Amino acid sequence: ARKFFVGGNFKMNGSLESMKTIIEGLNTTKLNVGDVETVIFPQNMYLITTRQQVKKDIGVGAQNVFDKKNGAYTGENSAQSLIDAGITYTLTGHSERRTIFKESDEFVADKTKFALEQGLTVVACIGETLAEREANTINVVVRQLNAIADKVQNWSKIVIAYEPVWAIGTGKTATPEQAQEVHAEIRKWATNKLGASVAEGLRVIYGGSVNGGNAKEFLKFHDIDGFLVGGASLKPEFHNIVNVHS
């Protein structure tokens, strides 16, 4: 039985006031920590103050990390620095970084491997564009996942986030059935590549648009283990996703 996982990706948003509000909101929500692993991923500059201010039952993660030890990489987040301040999670390979900053499959894998070695849990993001959806959905996520498998032996601290990039800004709303289809394919790939015990423990979270109302409709589908929430994670709605089981 895989533990329900809800990540909140704030993206490149925030003010001092809005982050105080979000954090105080999370501190007063009734969390059953036994049945949900909750993590928020604030904009880089807020990482330490978010960890200081949000209660221990909520994880804090970076939105990106570099793949090397501390050194001369101006502008980057260090995995070593992150966990030294108590930031224990990170995203790698988010679609916005694969597209805007052309992060390669191999670069995402190397960041994942290094972050894991340094003690972080990695939410490794994958997903296909609309052109790739025409015929190559399986081939794309399989290729993205294989690059990670080439570098990473231990998947106990990986969770996979499936982003339906094809449904972003295309008028197309990705339905729960369409998500279930891909999540099943991801778990099939993991069974085939890593063995059944890894695949059955591996969280595969949906990273397309979701709210507290249809959260339950998505969780009715057989292979969806939680969510990487985008825009709703800045809003009170995030609490109804985190707390969906109660």
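Throughout, we count residues from 1 along the sequence that is shown.
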Comparing 188 to 196 with 44 to 52, the higher average Cα temperature factor in the PDB entry belongs to 188 to 196
Ranked by mean Cα B-factor in the entry, 210 to 218 and 55 to 63, top stretch is 210 to 218
Residue set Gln144, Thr173, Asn77, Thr121, per-entry CA B-factor max assigned to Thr173
In this crystal structure's PDB entry, the residue among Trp166, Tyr73, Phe107, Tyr162 with the greatest CA B factor is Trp166
On the chain's distribution of Cα B-factors, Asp223 falls within the third called highest
By the entry's values, the third containing the CA B factor of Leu91 is the lowest
Of the three thirds of Cα B-factor ranks in this chain, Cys125 occupies the lowest
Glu134: CA temperature factor from the record, placed by chain third, in the highest
By the entry's values, the third containing the CA B factor of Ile205 is the middle
